[PDB]
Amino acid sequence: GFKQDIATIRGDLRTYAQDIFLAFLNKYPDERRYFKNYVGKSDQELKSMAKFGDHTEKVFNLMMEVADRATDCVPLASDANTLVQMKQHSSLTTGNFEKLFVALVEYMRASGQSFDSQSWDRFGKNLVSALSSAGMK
């Protein structure tokens, strides 16, 4: 289930973080415009860029703490306040986060593994709502 999935991804974090983030950027090529130095590059080229590995893992390290602090896939208000107040997220709307979660859940459905992709969808929806309450447009 959901609590297991957190452990599964933590167990091979850099592989999953890069694979899911590439899934997102290939499914929504427009989203790359927030990520300047990723335009123009094949997946193998991004995987050899230092910043891409480093940053994507830090995104997923935090997503996993937010997921791990949640009760029934409902995140903490203070975690959503964090996400809205980060300077790197100040250009964003909840729609960007909705698209990330759609790529994430699609990735889990197509994969080998037995993820609880229905919970990840619910977590995504609860998170978008919590971002709305903390102020993000």
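Here, rigid core means the biggest group of C-alpha atoms that superpose within 1.5 Å across both forms. Note that residue numbering begins at 1 and tracks the sequence as displayed.
Between stretches 42-50 and 85-93, the one whose Cα atoms sit farther from the displayed model in 7 other deposited structures of this protein on average is 42-50 (core-aligned, root mean square). Look at the mean CA B-factor for 14-22 and for 109-117 in the entry; the higher one is 109-117. On average the C-alpha atoms of 126-134 have higher B-factors than those of the other stretch, with 126-134 and 2-10 being the two compared. Taking the PDB entry at face value, the top CA B factor among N61, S42, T93, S78 belongs to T93. Between the residues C73, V66, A50, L104, it is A50 that shows the highest Cα B-factor in the PDB record.
Remark: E31 belongs to the highest third of its chain, ranked by C-alpha B-factor as recorded.
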